[PDB]
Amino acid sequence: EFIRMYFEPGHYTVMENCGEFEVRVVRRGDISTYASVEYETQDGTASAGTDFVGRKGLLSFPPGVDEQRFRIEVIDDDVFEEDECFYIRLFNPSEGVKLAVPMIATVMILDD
């Protein structure tokens, strides 16, 4: 491998009423060709369908581009909740790419 991919930022703290927030994944090393990686949300103490909307996707990095950004929807309610967390993981990197820490992003939702 001559390409590494990882979340940057690796950690996101978001308010419950933010609507959506943006996650960023970076590529380091060989720029010069197309590369890709998949991601998927996963529950922590926060859960898809109650606290955020579950999402999986494919991130495409054209030649010359070293980052991709995607949005995640946070579900707002009126009920008081303690700080809760969910995660987003990278998987299935394209040929010649190796994931690097952090390859799981942490998301903490703060209640409003």
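Residue numbers run from 1 along the displayed sequence.
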{"property": "Stretch exceeding the other in mean C-alpha B-factor - 39 to 47, 72 to 80", "result": "72 to 80"}
{"property": "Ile109 by Cα B-factor - lowest, middle or highest third of the modelled chain", "result": "lowest"}
{"property": "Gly29 - Cα temperature factor, lowest/middle/highest third of chain", "result": "highest"}
{"property": "Chain third (lowest, middle, highest) by recorded CA B-factor, residue given as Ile88", "result": "lowest"}
{"property": "Within-chain third of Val97 by Cα B-factor, per the entry", "result": "highest"}
